[PDB]
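Values below: every heavy atom of this structure, side chains too, minus hydrogens, waters and symmetry copies. Chain letters run A, B, ... following the sequence lines, proteins first, then strands; residues in each count from 1. Atoms within a ligand are numbered from 1 in the order they appear, just like the ligands themselves.
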There are 2 protein chains.
Amino acid sequence: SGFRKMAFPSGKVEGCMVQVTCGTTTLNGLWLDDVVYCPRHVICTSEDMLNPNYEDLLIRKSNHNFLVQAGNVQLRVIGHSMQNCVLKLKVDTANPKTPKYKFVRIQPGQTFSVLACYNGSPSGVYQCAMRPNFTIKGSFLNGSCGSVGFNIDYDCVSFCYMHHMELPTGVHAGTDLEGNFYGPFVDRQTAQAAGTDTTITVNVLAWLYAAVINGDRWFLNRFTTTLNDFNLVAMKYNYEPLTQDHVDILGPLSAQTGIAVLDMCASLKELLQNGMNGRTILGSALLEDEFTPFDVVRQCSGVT
Amino acid sequence: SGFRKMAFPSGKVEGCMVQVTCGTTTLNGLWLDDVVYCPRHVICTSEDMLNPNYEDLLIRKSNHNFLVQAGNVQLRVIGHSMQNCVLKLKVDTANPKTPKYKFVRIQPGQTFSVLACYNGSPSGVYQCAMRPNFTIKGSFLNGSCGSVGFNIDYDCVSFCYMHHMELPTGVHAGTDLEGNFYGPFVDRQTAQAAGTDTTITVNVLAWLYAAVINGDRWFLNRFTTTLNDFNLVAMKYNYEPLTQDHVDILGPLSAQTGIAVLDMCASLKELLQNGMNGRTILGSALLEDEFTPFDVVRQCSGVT
Ligand SMILES: O=C(Nc1cccnc1)Nc1cccc(Cl)c1
Ligand SMILES: O=C(Nc1cccnc1)Nc1cccc(Cl)c1
């Protein structure tokens, strides 16, 4: 029992972190096989960041200008290429620590672990959700760029995120490992509108099932609701509309607890309309949305 | 910017996890050098757990009865010994993945990362605080015993905790790596009183400084207080009494923000007496106490 915001074990990802330097900028790279991936803004200077012409900035750079260091060993760069907002540096040595890996583009509302790094060295690991508006509320400082987000299925690391920037609002933006930004963001030092965010309804419901499994049941009530009635409440409280797909994904949790999904929706409806009344659920005084139904089943079953 | 409940990178600890089986019980062991450490209750059966005579149960066991598996390789056990509530299994092979390590007994209120494991395999990593009452509010299932808590200072892993049991209340109890329980707990299937817990005042204050550094300043006020006046409020709200040692430890955070420690104490006093008024601080609707001043400085400075 007990429920924590649990990150994946970061060992397989720590073995992939390197330092990338170009000119006066140093950030993190991910070394998989004979390729080092890093944000393309490593090639910029303070004069460039307002509206960099990346194609032009990269033309002034040669293989020898990209200094890649993995701990104490220097990697030899034999090729460089820009793919969207990421640079791919071909190196002459395949990473002996390369795990089984995939590059995936996660969907908004899905979760992942972030291994925050500075100068190619890991500082910490935390669990994140990709917000419905494609931002992440992380913990990153200048130098953390190139830190990656990932999920692990037994021995395969699915990399889903690479950190690129902090918006003027303090929220974070980045790309998939093909350099495609999540959201409307561009890698420029400019004010950029993050769209209206909503709460990930299916995750809140999954976390309410996690609460029930772990003994916190005060919020359960004698009511039920329909998808339509619930969705009017979700609309009013800036919650993502619930669909039958979401109900279907909550099936295992519904089967384990014996509480029908629409009955849990009626609990959530009462928590939205009345608040917590100074009470807590799994140590929280607000409705948590950064656990998916998959995360709940995995944590409550002990998947390694 | 941003503030997360950040765990240490778990790679150095994942390389130490093994599976320990004795009879019909399987749990986790920590393999450091040529020694495997695990909870001594691995030698019990369901008939024994109410009041095991560990000395007697261990006498019926030989080196060949302790099956230690590190992934796919079996380790050869050449010695066994009980030290307090831990078994030390001498193996003929030193762990090639042994990092620089220390065994430390942490103080209540200090934090650490837990690498939850099942059958010698890591499932996840999370940050914990040792409660003032020597319990930990973790996430552990049956089979998680032997999972360890640790801190990392550059390349040295200070192991501080090994998981032994879940109390009937759902909170967790365990030992240091010499087998000494934290708190009054004994490794028996019996109801055991956890003492009255309090909130870790110095940590809440450290987290209020983390909030200020990251832009959340609404709670700051025009008031100040004394250690004595604050301690009367702390007494009323079951907060640990604040001492000059705690104020001294908050010195760096006080210097960085320019907010005197007693001024931050007056903010905390108003939050205790008036609550949050439906507002949040660093994404939380309650006062967080699982970040030490050291954790705040480290996260806000980027120590790797
Ligand atoms: O945000 C940037 N760095 C940073 C700082 C703090 C936290 N995370 C990241 N650098 C940057 C500046 C302007 C545009 C771009 Cl793409 C990158
Ligand atoms: O608690 C025990 N296991 C467990 C289950 C769930 C979460 N954490 C641990 N086993 C045990 C039973 C009785 C006394 C002792 Cl020391 C150990």
Checking side-chain polar atoms at under 3.5 Å, does B:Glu166 have a donor or acceptor matched by the opposite partner on A:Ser1?
yes
Residues A:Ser139 and B:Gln299: side-chain donor-acceptor under 3.5 angstrom
yes
For atom 3 (N) of ligand 1, which protein heavy atom lies nearest, and how many Å away is it?
A:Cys145 SG, 3.6 Å
Donor + acceptor pair across side chains of A:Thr135, A:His172 (<3.5 Å)
no
Proximal ligand 2 atoms for B:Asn142, defined as those under 4.0 Å from one of its heavy atoms
3 (N), 5 (C), 6 (C)
Between B:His41 and ligand 2, which residue portion shows a heavy-atom distance shorter than 4.0 Å: side chain, backbone, both, or neither?
side chain
Hey, which atoms in ligand 2 end up nearer than 4.0 Å to a heavy atom of B:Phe140?
6 (C), 7 (C), 8 (N)
In terms of side-chain heavy atoms, does B:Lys88 have a donor or acceptor partner in B:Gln83 at a distance below 3.5 Å?
yes
Once you restrict to heavy atoms under 4.0 Å, what part of A:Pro39 touches ligand 1? Side chain, backbone, both or neither.
neither
With heavy atoms only and a cut-off of under 4.0 Å, state how A:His163 meets ligand 1: side chain, backbone, both or neither.
side chain
Aromatic centroids of B:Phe291 and B:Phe3 separated by under 6.0 Å
yes
If you compare A:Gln189, A:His164, A:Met49 by their heavy atoms, the one closest to atom 10 (N) of ligand 1 turns out to be A:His164
Is a side-chain donor-acceptor pair under 3.5 Å present for A:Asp295 with A:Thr111?
yes
Could you tell me whether some N/O pair between B:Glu166 and ligand 2 is separated by less than 3.5 angstrom?
yes
